[PDB]
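[1] compute the structure for the input listed below.
(9 chains, ligands or ions: 2)
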Amino acid sequence: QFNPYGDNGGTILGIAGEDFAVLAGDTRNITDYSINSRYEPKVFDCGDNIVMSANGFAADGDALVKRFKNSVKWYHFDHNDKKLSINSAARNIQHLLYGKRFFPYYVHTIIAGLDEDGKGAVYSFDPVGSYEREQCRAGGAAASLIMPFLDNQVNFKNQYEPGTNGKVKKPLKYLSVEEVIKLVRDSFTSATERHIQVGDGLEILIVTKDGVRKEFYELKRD
Amino acid sequence: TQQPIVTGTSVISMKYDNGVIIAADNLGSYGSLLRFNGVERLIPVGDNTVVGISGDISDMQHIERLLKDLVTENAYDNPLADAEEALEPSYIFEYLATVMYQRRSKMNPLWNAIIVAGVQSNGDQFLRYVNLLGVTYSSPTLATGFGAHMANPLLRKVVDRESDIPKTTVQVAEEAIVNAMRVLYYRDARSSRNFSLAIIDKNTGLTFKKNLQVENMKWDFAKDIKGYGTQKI
Amino acid sequence: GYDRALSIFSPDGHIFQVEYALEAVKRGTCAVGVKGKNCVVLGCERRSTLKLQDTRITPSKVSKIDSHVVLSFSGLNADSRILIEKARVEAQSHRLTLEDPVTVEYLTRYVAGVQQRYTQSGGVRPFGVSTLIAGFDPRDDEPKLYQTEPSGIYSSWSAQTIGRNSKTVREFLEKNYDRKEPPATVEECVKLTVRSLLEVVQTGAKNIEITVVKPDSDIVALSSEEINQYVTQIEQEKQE
Amino acid sequence: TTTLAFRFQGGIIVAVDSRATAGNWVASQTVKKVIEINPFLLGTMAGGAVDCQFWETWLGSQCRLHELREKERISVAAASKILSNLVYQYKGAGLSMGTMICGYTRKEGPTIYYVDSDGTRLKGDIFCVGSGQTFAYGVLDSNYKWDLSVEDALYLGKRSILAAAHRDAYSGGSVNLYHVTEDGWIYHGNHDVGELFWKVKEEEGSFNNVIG
Amino acid sequence: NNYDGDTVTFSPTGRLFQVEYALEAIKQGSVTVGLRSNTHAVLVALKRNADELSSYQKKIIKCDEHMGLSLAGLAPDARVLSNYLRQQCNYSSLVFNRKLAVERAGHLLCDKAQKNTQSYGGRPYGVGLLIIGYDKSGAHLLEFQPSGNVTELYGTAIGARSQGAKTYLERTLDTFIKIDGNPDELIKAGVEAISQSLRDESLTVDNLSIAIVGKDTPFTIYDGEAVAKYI
Amino acid sequence: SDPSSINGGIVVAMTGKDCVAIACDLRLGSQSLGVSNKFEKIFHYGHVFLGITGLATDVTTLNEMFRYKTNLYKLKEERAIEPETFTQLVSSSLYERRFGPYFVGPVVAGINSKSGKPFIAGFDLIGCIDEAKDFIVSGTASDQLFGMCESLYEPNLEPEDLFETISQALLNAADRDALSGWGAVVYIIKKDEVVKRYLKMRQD
Amino acid sequence: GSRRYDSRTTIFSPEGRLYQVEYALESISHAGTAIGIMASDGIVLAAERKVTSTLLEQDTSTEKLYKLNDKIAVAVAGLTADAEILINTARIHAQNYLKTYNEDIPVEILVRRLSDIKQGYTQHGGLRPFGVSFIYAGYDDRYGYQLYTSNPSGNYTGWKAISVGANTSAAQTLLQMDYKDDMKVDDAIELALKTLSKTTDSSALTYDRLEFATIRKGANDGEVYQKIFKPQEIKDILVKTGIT
Amino acid sequence: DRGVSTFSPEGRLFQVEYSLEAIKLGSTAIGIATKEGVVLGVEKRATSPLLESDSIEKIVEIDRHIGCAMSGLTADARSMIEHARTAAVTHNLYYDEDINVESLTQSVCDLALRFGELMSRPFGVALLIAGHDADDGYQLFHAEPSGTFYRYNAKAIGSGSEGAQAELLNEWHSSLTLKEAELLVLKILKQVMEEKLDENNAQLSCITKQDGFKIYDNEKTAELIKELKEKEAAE
Amino acid sequence: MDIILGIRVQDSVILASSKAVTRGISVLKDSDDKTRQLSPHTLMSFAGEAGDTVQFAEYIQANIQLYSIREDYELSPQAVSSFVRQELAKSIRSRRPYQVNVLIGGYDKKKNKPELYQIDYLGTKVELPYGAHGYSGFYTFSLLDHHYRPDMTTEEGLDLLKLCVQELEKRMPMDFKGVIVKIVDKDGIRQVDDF
Ligand SMILES: [Mg+2]
Ligand SMILES: [Mg+2]
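    Numbers count the residues shown, from 1 in each chain, chains lettered A, B, ... in the order given. Ligands and ions are numbered 1, 2, ... in the order given. Okay, here it is:
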């Protein structure tokens, strides 16, 4: 019997800062126990200061990103070159996904950028279109390895202030872009050590008011 | 939904400093029966692109006709059909990739794995993969089926990353491809000794080599091997 | 299918097929609607050119759309049945989906919409019918009276008439109907409705039909003798 | 998931948990299981997350078109029936939905409709839906009265979600509270279950089995 | 006369009057100029207002990053044809990862307009279009007529009083074709060309509309104070 | 599960000298549960009689369908339909639902009004005509009826003798079937008189 | 294109009349006269065949009176072929109703259905209307005996006595003169034949130029019988009433 | 006869030009755009005193931020309004935002030329579409049955349009307040109306960023009419 | 849903229907009325698959109400039951059949007789003196067979109905939360509010 779905592995991570946002993803692409490519870009600049990644089955991932980029283009044509706000993009992506409710895009989609007040924004989608704004979200193969670490190191969960002994929580102080990138790199380094589908390279797209910037880092190739 | 009937095995390929090389054997298997021994699975499109196809042969012949039709259609009302508006590898691939994904989405796939190898107008090497699921990816070395498991490891020792491409000559690249084809003949039960090889170079153009054979094979050591454990005679 | 554009604009900006549909209404028997303080009355003319008629089974001029709304008309009789049927279906469809019966305004808006649709659809002619739609909204005691016409425009009326010699009875109603104090009772409202028809009808025998609609789905059609008593009382006061 | 909604003297209380799981894996602790259909209508999310999200924001669009055409607030009966009739068309296709459509109008008063992906549409006074529904029902049934104050009613809904959050493995994270009045719903905050549990344990004297 | 009741009827001299009447709608439309060099292609359009309270009708439409047109005649028909171009440009990019050739864009517009001239019930398009673009064979300028005739040109003009601008471009041919790597000077030549079609009225800040596409220049439209530089 | 044996019941038809007989039980059930003891399975359109066994909703539907069709037949033809013609109509009507059939076992019985010839016919659920001289059986006790009819039947029986034969064939067959019984009806049909008799039988 | 040849059958005149309906009514006025008379104990249908021949096979012929079901019959005036199209549709509607509700279709519901079909051809489709006028004679347990008429406009009305076809003005006056409410079938039979005898364009009214029918409760006990008269039976009733 | 989509020798569509004549026969509708809001006003024109004038609905809400006034064959506007409302709501569903006034107007105007031998004829009604969005602020559009729409600072349509437009030509300036615009619509309506202007035979409305689209009460409009009379008598 | 009973006595039809609505593990409601008034003298109770039951019942209601307005006349119970049967018979060969069983209790004003019709989801119609759907008949029919008389009063019918419900409450594993009882007679439809 023909199976229209496949698993291309990969792991992605979106983090929303105070006045910035990052969307990171490894560059390894796989089937079963084989490596297809050590560098196959997974996170994309979709224009209007929005970055996107659709992780899971790469064919559906590419199809969705392609259709969303197309939706940005037609939004400009139809509405006098108006900028597509991150919240509007998120709702649009829901309808793209739900359009195939009964034959879904087998991907876990994350977009990142800035909201209309200039604050950092990340949106997270399931395969069939349920979405939600979030501060922190890992997706893909090593998501279960990364999220608990982020709960602890970004949101300071289970961390209390010394001396008080469980009475006063550690305060939720804002992280800089340099601080976030450290946590992203350590998340992927750890994921690379303990997950076979994660490795080769890490590509991070950083979104600010100035635009979209890229950073690349090597990962272990075993 | 179907099942593949007459099938072609590995297609292997790699980038080198001035272009790309692609190769595939001339066998059309019918299950375990090695039915057809004169099947060309590398199909050139113009003088800048070679499409290598594995999997179902009837679907390959269909794809072969689509590409032939694509060249005809591109020439219509096109004074620059043999110049600025000629078919690029990237155009040919994107077309196939669209078709493959559409067909899988209708639950009626072209049961193939395809590698489009070529050189673009600006001299850039093009090498990208697409299969029955519409999955696509690019890499300095690409291979389908058994080639993925046995050829890629060998070809990756020559070009392990992007920076190794300018350091790799056409002689070294062709040598690695030819050695990989020998290894596949040793170890793939659905392979043949006869194969075709194509080189697309930005300077010397498309060189298509037919009727190549696997040679310099090691078998002499087989005489010393006796029994399956304890047997001496 | 037959796709011919029958309803089209003329150089002077008129749609003659819609205007000729109004001429069919002008030919139709007179219909009148008068709303009191706690009721609405629908009066209708029956031309006495047709005797030997069976009044039991002959289609009545006033039709119930639901238990709380009624529809009368002037113009082509066959055309009116199509609007009445559609209205009755929509009334039940509204109850089924909204779990509440239609408002008189809603039902009017639907019928008027159907009429409008037939003025710019291919292969169809407009309805040769104007309607008077009357009743009471669910759980409401305010009387409602609306009018529609072939073009598809509709509006609310304190009192209104349509059909042949409707100019005359509208003249009567415009001087006899006071907005500050409408017919306070059922008697006063019916009397004014009969009086208005007597300006045009000829004989007050079987030529006048009266239907009284009251709040909470209380609809009743007056008989010949009941109407004849109004006809008698009106002319006896007139002899002075 | 644990979602509840109940009618009372002061209108409707809606209370939900915040947890979303994929198998044993806790995907999110910050999920919004109350859909704000419009300023007057609320819906709860259970079963399929997207099915509830998508079709209840769609419902908000249909309600908006209704009041534009009819120049009048849509009834809770009419709003709920638009949704139930829609999902009934899809019956068999595999929609997953268990929701309470909640509202407060002049003609109806405070009204709750349980709507279902099997096409079920039930008017009622108390509803509880989700994997932790049985735990919430226990606290509700034993403490519910029509003459509850808005303050006590809000607490009862909060406490009932906490009961489920504690026992049901697939419920937790935080509690979202809403109070629906005739003039519209009023949000009553996000309450972390971790902090709420210890607070309630101490102040109420409940959960003696648990060591704190 | 007797042969102008519909588009399906040839006259005794072999003419299609409905097409000719559609051509007449272009002549009533406001003037727009098109011209190009080897590096850039420029559209200049005189926008028309209803009165002093009204806005000035937009004349230029973007079809892709490398292509767009200016209109003269029935604006809704331009919207239909420009939408069709947008889709064809977009089909080429999505399916073939290929930017649509300007010449091929003209062939598609010709064929779409043709079907409206040979079938009963329909009508010809009542608009003329000037398509500019920069593709793999450099800069291009096309003139579309709703008869179906599409023509590749160095420069042209369509609309009311367009003959004055067309004669100017015919004289200036050897000068403006050589304006390579200088967008401002090419626009100047276009603004000077369209000025030959003006009577009574002159080029104001909300009157003028300019668009440009080139080697390292995406199709961009200039309106308002952005064209004050060229007045 | 099996649609032809959910409701249960039987029909039998026999030919005699210048007469035909058709009979049926009165049971309608939901498998083990007895629901009705008045569910008659024999109908008539003019002088043509039709028995129908099987799924009860289809029995009802087909009766309504053949009433519909024989009524239009009569209006157009200006005469009542004959048994031979009606048999072909039943066959045509069943076969048009070849790949979504009515789960029934129809039995036609009657005397041709012009020739005076006794006629019976049976069908499977899909339309195949069984035109037997002697007898036709149908229903959940068809095996039992075949056994009874084969031994009890002899040709050229007089109307009042045929009544005894068909009655005893039905009764004893139904008493060996769980899903048949709960009363019985027998029609004795002659060229211009028809007698209908309800039989007394065990009610278990 | 095709527009050139379109007669536009579904348009209003400046006066607000439907051209084709009016012209179809003109066609019907040249058709053989059909009369229906309703009595307390039954209905009579009488109708004149148009200028017949001696070689016409009368006993197997039917151009005027048709059976819709066991309770309802119609008299036709106009194009016979058009009438048969509508008659077959009506027969089907009656059977559809009987299948659905397991009760015989009420007379008015059948009449409204056929009249709505006629109406449709005047408002949409661009086809010519049916050049037919019906007199419906029928019985149901709600209203009892009923007479209706419908015409190409799709308008229908109820009657105690009515004529369609030729000389309706003369016929309707004669019926209005001699009809009474307490009248019986045997009296109505006589009135119908007397009316046709005076309004006919033929020199004399004979059995071979007539079709005749009665719907009576004169059926054994509470039920209704339709009687389409045979040529010999029409000849007998003509002698009985004293016309021949 | 002749095609519905036929061109005249001058290059105009007969049916579109004829529908414009029907609009000239329609009751007057006036729109004035300011930086504090856009005002929409209409002549009701009841055909008889027994017609309840408040049932005349020639000013209509499309969304909270977009209003609409009509003139001509007003029955034809109902499907245009329905489409506009659907378009506005649908865009909000797809994009979680308000829709631009121009984009809404463009969506309505796409229906206009969908006629032939689709609907059988063009619409016999013109629309003044007024609204506000964040990108282009307060806007007023004139949507015709030709499919063309112009943006206006002020615009009058209907029977008294050319007389009213000439008056709007002189009176409008870029610094008009909302109150000044309200009186100006009332002034020009009173000028071109056959019957004497009052709160029952004329209607006002406006769209502001804060409060959105609002149809004015007859009591509110009556005060503005009284304020108008006094200020005209003031000189 | 679960239990629906019907009994035709001398001058009326009595329908009893359970109040419970269970959705899986919980009883969501204990006051559900599983019936719809089709016309002033015709009542229909129903039980079957969730959603389908109410959707079907309301669809029938709307159609009968439409007929009542069009003709200004109430259809006989027999006519209504035949219409309902046809809809279910149509439904069983559809893409997705209505999984609904019904009892139609009506008073024929023409014949002055009460009438009870039992119709299952296949379109299997039977006229009965007393009837049920599902497992309800298994517990109650032996009692009804014993005690039933065609000349029973309404009060006697209610007593026999109580005995049936008591037997159900004793031997059925499921808690159906009692029954709502309604009476259909010459005066119309009314609910017995204490049972
Ligand atoms: Mg690894
Ligand atoms: Mg037994």
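
[2] strands of chain G, start to end?
    Secondary structure of chain G (DSSP state E): strands at G:34-39, G:42-48, G:65-67, G:72-78, G:132-140, G:144-150, G:156-159, G:161-164, G:210-216, G:225-228.

[3] closest to chain F out of those strands?
    strand G:65-67 (5.8 Å; CB to the nearest CB). For every residue, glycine as well, the C-beta is placed using N, CA and C.

[4] what about that closest one, near chain F?
    Yes. Remark: strand G:65-67 sits within contact range of chain F at residue G:67, by CB under 8 Å from any CB of the partner chain.

[5] and that strand, what does it pack against?
    strand G:72-78, helix G:80-101, strand G:210-216, strand G:225-228 (3 or more CB pairs under 8 Å, 6 or more residues apart in numbering or on different chains; DSSP states H and E).

[6] what ranges do the helices span in chain D?
    Ranges of helices within chain D are D:49-70, D:76-89, D:133-143, D:150-167, D:193-204, based on DSSP state H.

[7] mind putting those helices in JSON lines, mean neighbour count included?
    What follows is the helices of chain D, written out as JSON lines (neighbours: other CB atoms under 10 Å in any protein chain shown):
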{"stretch": "helix D:49-70", "mean neighbour count": "20"}
{"stretch": "helix D:76-89", "mean neighbour count": "21"}
{"stretch": "helix D:133-143", "mean neighbour count": "18"}
{"stretch": "helix D:150-167", "mean neighbour count": "22"}
{"stretch": "helix D:193-204", "mean neighbour count": "15"}
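
[8] how about residue F:169, phi and psi?
    phi -70, psi -50 (degrees, to the nearest 10).

[9] that one and residue F:157 touch, don't they?
    No. Taking CB atoms under 8 Å as the definition, residue F:169 is not a contact partner of residue F:157, at 11.8 Å.

[10] please identify every residue contacting each of these two.
    Common contacts of residue F:169 and residue F:157, defined by CB atoms under 8 Å, 6 or more residues apart in numbering or on different chains, comprise residue F:14.

[11] neighbour count winner among these two?
    Just comparing residue F:169 and residue F:157: by other CB atoms under 10 Å in any protein chain shown the higher neighbour count belongs to residue F:169, 26 against 19.

[12] ok, longest helix in chain E?
    Ordering each helix of chain E by length in residues (DSSP H) puts helix E:75-96 first.

[13] starting at the chain centroid, how far to that one?
    15 Å (CA atoms, centre = their mean, to the nearest Å).

[14] any part of the very next helix or strand once past it near chain H?
    Reading on from helix E:75-96 to the C-terminus, the next helix or strand found by DSSP states H and E is helix E:102-118. No. Judged by CB under 8 Å from any CB, helix E:102-118 makes no contact with chain H; its nearest approach is 9.9 Å.

[15] just the CA atoms of whichever helix or strand comes after helix E:102-118, as CSV, please.
    Next helix or strand after helix E:102-118 toward the C-terminus (DSSP H and E): strand E:127-135. Extracted in CSV, the C-alpha atoms of strand E:127-135 (Å, rounded to 0.1, in the frame of the first residue of the first chain):
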residue,chain,number,x,y,z
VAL,E,127,-8.8,48.9,-22.5
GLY,E,128,-5.3,49.3,-23.9
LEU,E,129,-2.2,48.3,-21.9
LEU,E,130,1.4,49.3,-22.0
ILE,E,131,3.5,46.4,-20.4
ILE,E,132,7.1,47.1,-19.3
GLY,E,133,9.4,44.5,-17.8
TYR,E,134,13.0,43.3,-17.3
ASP,E,135,13.7,39.6,-18.0
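
[16] is chain H contacted by strand E:127-135?
    No. Against chain H, strand E:127-135 shows no contacts by CB under 8 Å from any CB, the least distance being 10.5 Å.

[17] next one: the nearest residue to residue C:11 once chain neighbours are set aside from residue H:6, what distance?
    In space, and not counting its chain neighbours, residue C:11 is closest to residue H:18: 6.0 Å by CB to CB, 6 or more residues apart in numbering or on different chains. Distance from residue H:18 to residue H:6, counting by CB to CB, to the nearest Å: 11 Å.

[18] can you name the next helix or strand after the longest strand seen in chain H?
    As far as residue count goes, and with DSSP E defining each element, the longest strand of chain H is strand H:125-133. Counting by DSSP H and E, the next helix or strand C-terminal to strand H:125-133 is strand H:137-143.

[19] rewinding a little: right, is the longest strand of chain H up against chain E?
    No. Counting by CB under 8 Å from any CB, no contacts exist between strand H:125-133 and chain E, the nearest distance being 12.2 Å.

[20] between strand H:137-143 and that strand, find me the angle.
    Per axes from the mean of the first three to the mean of the last three CA atoms, to 10 degrees, the angle that strand H:125-133 makes with strand H:137-143 is 170 degrees.

[21] partners of strand H:125-133, with directions?
    strand H:66-72 (antiparallel), strand H:137-143 (antiparallel) (DSSP bridges).

[22] starting at the chain centroid, how far to the first one?
    Read it as strand H:66-72. Remark: strand H:66-72 is offset 3 Å from the chain centroid, using CA atoms, centre = their mean.

[23] and the next helix or strand past it?
    helix H:77-95.
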